[PDB]
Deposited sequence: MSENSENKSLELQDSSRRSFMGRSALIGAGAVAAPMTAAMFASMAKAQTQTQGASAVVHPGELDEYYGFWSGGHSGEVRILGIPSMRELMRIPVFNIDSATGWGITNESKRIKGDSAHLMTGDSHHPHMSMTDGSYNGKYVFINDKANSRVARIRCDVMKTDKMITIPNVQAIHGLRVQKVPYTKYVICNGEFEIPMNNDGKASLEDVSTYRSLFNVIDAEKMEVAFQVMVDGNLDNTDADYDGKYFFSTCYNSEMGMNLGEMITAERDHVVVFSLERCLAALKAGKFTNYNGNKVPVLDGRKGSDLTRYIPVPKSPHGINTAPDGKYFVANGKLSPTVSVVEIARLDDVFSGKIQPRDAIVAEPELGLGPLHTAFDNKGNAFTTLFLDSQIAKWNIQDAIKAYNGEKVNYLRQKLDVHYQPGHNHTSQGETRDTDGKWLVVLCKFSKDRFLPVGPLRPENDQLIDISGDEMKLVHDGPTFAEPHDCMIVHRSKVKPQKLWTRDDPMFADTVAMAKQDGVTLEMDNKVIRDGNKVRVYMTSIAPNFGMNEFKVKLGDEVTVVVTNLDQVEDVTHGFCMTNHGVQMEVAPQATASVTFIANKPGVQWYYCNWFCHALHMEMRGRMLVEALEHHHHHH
């Protein structure tokens, strides 16, 4: 059952793409209730994200950007299991990748990918751990391999055609991407790529120093497996034995045996020999997810259904045995894109839940004006047949999500004083001779003013004075040691507010442009006097 009664907890965390909202959402599964919104590419009125000096530092060269289209949230793994350390997310709109730290549930790093003008599918390396994050971009395409821990682009591989989606194996040898202009799946050999780099076989563009390898057809680094026209999704099966490329314009998906890839690379077999099944399913196959029983669930956009099919039976049918591989087609509401199973892109796939992200909700919810929600549907897959159990209205068109068992995520209850996310604020305070855990001081510096204050339950500073037009930075340090006693800071009538979580420090800078008494208070009463 999908019912999580009062007092009970959800079994999993869902991390949801925010779509055009630019955020990442944490949902409880199977209740499908939103627990938290993590801001990434948006300006968040609730937390101050995008307005605070700490968040601006993190945003780096894109601090001036107020919007983003957040897609493809993926969590770091160890040996093909989610490890709860990081969640990565890309902004399709502005060629950015960001990393969310799960201990504090905030974005800690954000980079703009060089040499590209957009970035499509993103995924994590699974095995031996998430050393690299991978995504596709466009000038001809570039496959980008990002160091997950450094958040820096390790290298790029240029290819023939246009890369869409991407996945990884369960061995740490190969990455794959769908590519078009029959069409192809490009398989990248990580071993050969690293070798070419250390041998100096790369070039650079435009002053930046990102190494770019040649992965065009004929390259030793890549092999191109021919797949029916315009393939979309590419999804690795949880056993590591196969992946499935979704045909989209073809009513088929293609199944590749990952173990055959060595022989494709060595020239012992031909690229097409990598295919072990090519089952016909229905109109508009986009994305495939897997249970723990050798079954697959493929979205059919144009039919508006999910096709449940068995992989081994698809292989047998490809070899001429008269076997039905297609178990069931369930109507969904309406026009499904991505789908994801519980623990689905990991060894721990459990076959309990399937979530489908449908583009059009039409009549499924109460009407709310010209702008309607999308429908994220929860399907029970634990039995022989799929059963639709919940319709979940969703805002701003999430592309993608992921589902991780609760035991693998262990968030902190408090911040720590040595956190990198406000280290530069701490360094600034030190330059001023200020200890943030005990000081309520006003430092004057020409037309700049830095106000440092503490809060418990109250603020340590009741009031302070500035001239008109001064550049005022307020640094607030919350000294409470009790979980969810989150403070707020708000400057009345100035459009300035921020979360100050327990043991965190946050700062915001603004021009004091309104004369007289301005109030400030804890939102989650002091006095600024301007002359």
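Coordinate coverage of the deposited sequence is interrupted at 1-54, 194-211, 254-267, 544, 612-620, 628-636, where no C-alpha atom was modelled.
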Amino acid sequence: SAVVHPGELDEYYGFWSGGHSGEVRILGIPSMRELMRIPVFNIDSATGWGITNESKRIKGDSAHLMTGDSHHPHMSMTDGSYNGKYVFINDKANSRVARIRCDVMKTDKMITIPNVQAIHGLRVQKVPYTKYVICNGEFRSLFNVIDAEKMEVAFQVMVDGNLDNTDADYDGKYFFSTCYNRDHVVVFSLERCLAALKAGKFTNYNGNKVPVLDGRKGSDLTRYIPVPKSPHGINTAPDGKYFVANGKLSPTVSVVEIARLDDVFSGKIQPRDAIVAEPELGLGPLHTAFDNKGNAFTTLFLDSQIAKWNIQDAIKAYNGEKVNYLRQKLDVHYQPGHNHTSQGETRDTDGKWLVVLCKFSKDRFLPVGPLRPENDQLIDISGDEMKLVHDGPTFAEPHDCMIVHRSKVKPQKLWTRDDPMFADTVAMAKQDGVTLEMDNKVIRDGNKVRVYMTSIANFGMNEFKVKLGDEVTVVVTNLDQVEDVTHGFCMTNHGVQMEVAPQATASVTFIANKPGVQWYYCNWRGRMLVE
From here on, numbers count along this sequence of modelled residues.
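A summary of the deposited B-factors shows that, of 201-209 and 72-80, the stretch with the larger mean C-alpha value is 201-209. Mean C-alpha B-factor is higher over 460-468 than over the other stretch, the pair under comparison being 27-35 and 460-468. Of the candidates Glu138, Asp273, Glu437, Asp391, the deposited coordinates give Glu138 the top C-alpha B factor.
Highest C-alpha temperature factor among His399, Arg417, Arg364, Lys308, as the PDB entry reports it: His399. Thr349 sits in the highest third of its chain by CA B factor, as recorded in the PDB entry.
Remark: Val500 belongs to the middle third of its chain, ranked by C-alpha B-factor as recorded.
Looking at the C-alpha B-factors along this chain, the one for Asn144 belongs to the lowest third.
Per-chain ranking of the deposited C-alpha B factor places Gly161 in the highest third. Among the modelled residues of its chain, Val517 has a C-alpha B-factor that falls in the highest third according to the deposited record.
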